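Given as structure tokens, the chain that follows is alone and in the form deposited in one PDB entry.
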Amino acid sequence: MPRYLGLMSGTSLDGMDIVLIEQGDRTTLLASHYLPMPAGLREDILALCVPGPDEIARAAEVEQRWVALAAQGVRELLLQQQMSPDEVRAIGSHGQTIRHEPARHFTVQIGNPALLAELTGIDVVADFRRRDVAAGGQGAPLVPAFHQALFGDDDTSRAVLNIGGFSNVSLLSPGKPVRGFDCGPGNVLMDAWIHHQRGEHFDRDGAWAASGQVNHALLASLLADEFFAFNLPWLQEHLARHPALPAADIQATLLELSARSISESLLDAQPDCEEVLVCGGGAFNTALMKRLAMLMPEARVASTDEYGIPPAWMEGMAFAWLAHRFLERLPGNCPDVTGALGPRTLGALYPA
């Protein structure tokens, strides 16, 4: 049964996930490999995520470094697994988003797929998002179709919660269409605050947020944002029209904002939820997971580890799956979730 590579680099810019999957009747993880994002490239990618000068030249250079890194990591992984390139049918690559504007009908994932094919000797499928957007959709999330396949329990009301930058959920309710929406911010404000404040990337184990006192006025104002009816300056805006607060108290609050936006949105739509299956790097924020567990007391909260699949690799595995879907010519979007006009074949094929 065919073998696929998945290449994920999310907008938290933490590193590159590479997965080896096998796609029979079952998806299965054969191996995984993590490339921590180097300091220079992270900041360079970051500086492409806002409008600025000379972007086309600059994106071309960044792209080349990103791809050389991806290709380095693919090779590393194959060698370590004792596999030839030709044992892999294709790479499913997400690329790297530097712009996502579904209101202006565009989304931009750099990733020179053609160089990746050149450097790996493997067929690449990339540029998954643009066809959904071309079809009247948001081009995101793409994971809900994959969640359904991978968890097809026509018994329990499972809910699959990805906490990266942003929290997004896939509600699997026996004998119905899957649903999907964005809860709100995941790690993105928590990273942003402890980055602004100290220079750190994230708040390991939710330790800094746990050492602080929740502010309720700030929290109430945050939760009252229109979205529910998300960058540092947005949060510096809210910090204006309140008392000055200790740094930890803002982190604590930010962590509560994440946990409550999740909680309300998920029992508001699937109130009889047996299992919340957490995946993504927010699964490792023990402190946030504690709070999710309390605000969902009569539901079992845990990572996808409990049901067989490590949470850090979920998204990596999904893009491997989308390569498979592309080549089998089977829809990769869920239009109900994306707003697309219907089922679309997602991606393009760059043959080795």
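Residue indices: 1-based, along the sequence shown. Note that the rigid core is defined as the largest set of C-alphas that superpose within 1.5 Å between two forms.
Keep in mind the form deposited in another entry is missing from the figure; the text below concerns it.
Only one of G73, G281, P113, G137 has its C-alpha shifted by 2 Å or more between this form and the one not shown once the core is superposed, and that residue is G281. Whereas the displayed form keeps them at a certain spacing, the CA atoms of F166 and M8 lie at least 3 angstroms farther apart in that other deposited form. Relative to this conformation, an increase of 3 Å or more in the Cα-Cα distance between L288 and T97 is found in that other deposited form.
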